[PDB]
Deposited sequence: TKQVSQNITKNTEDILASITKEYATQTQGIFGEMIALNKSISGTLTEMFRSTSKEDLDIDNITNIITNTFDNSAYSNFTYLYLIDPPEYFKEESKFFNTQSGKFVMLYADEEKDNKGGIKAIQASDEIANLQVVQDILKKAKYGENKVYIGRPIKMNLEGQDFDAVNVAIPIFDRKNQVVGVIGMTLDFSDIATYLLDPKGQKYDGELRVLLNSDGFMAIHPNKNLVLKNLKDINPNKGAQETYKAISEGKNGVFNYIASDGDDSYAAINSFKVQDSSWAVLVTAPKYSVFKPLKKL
C-alpha cells in the first residue's frame, strides 16, 4: 500500500517537474538558435565596414522582448568595429571587451557589461572548439553570477556567431536565474511530505536548486557520501529514471525518485524525496 503508492507518487512528481524544466530550457534554446541564425547570416553577408550596430541591437531586443525565462541576454563580439565600443559605456567591460548585455526592464534594457560574461566557461569553450557547420548549443553547469550587484545562481546557454570566413566572431547567449525555477520547484503549496526535498542537479551531481540554499552549486556526492545514497547517484550519473531507498544529506532515511532528462548535450535530473517516517506517520498540518 503506502510504500508502493509513495514510490509511484514520487515518480509522478519528479516527471512533472522534469517536464516543466525541460520545456523552459527548450524555449530558451529555440530563441537562442533563432538569434544566432540571424546574426550569423548578417556577419556572413555584411562586410565589417558595413556592420550596423542598430541592426544588431534590434535583432536582440526584438528576440528577447517577449517575457522570456532568460533573465539576461548577451552578445560578445571578439573584434567588432571600433565605433561599436564608442556607442555606449555599457557595451565595454573593464578590460575593453565588447559585450552587449541586456536585463529585463519590467521588455529588455542594456545594462553595464562585465568580463564575467566573456570569461564564462561556455564562452571559452565556444572560442576554443566551435566550428562552422556544427549545430551545437553550449550549456554550462550551475554557477554563481553577479551582474547587477547581487549574487545569483545561474546556468548559461550560448551559441557561436560566424563570419563568411567560417570563423567564430562572437557568442550570443542567455542566462537563466535558478530562482525562477525554484518558484515552482520549491513552492510550499507543492510540499506533499514532511521533510520532502526537491532538487534540480546536473548528471555530474552539481546542484542548481536545493531547499538548503547552502548546498546550491555543491556536488551532492561530496556532501552526502554515505553508502545508502550511492544507488541514487548511479542513476543520476547514468541519466536514468527510478525510485530508490535513499539516505539524505540531513540523515533522513527516505524514498527518492529520479527523473533524468537531456537538454542538447547537457544532462539533468530532478530528485524528490519522502522521508520514510513522514510517509508512514504523516503529521496533520
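Unmodelled regions of the deposited sequence, numbered from residue 1: 1-6, 113-117, 297.
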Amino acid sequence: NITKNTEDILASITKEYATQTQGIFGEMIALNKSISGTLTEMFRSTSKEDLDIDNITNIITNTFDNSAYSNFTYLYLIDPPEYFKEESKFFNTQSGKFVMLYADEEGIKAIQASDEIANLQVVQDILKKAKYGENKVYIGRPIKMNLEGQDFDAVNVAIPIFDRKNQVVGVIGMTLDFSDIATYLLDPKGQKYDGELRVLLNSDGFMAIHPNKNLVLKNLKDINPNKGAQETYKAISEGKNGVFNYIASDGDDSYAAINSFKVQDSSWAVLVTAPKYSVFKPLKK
From here on, numbers count along this sequence of modelled residues.
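Across the two stretches, 217-225 and 55-63, the PDB entry reports the greater mean Cα temperature factor for 55-63. Across the two stretches, 34-42 and 235-243, the PDB entry reports the greater mean Cα temperature factor for 235-243. Of all the options 180, 116, 196, 125, the entry's greatest CA B-factor is assigned to 180. When the C-alpha B-factors of 157, 168, 108, 186 are ranked from the entry, the top spot goes to 108.
Looking at the C-alpha B-factors along this chain, the one for residue 89 belongs to the middle third. Among the modelled residues of the chain, residue 274 sits in the middle third by CA temperature factor in this PDB entry. Looking at the C-alpha B-factors along this chain, the one for residue 191 belongs to the highest third. Among the modelled residues of its chain, residue 264 has a C-alpha B-factor that falls in the highest third, as given in the PDB entry. In the PDB entry, a CA B factor belonging to the highest third of its chain's modelled residues is recorded for residue 149.
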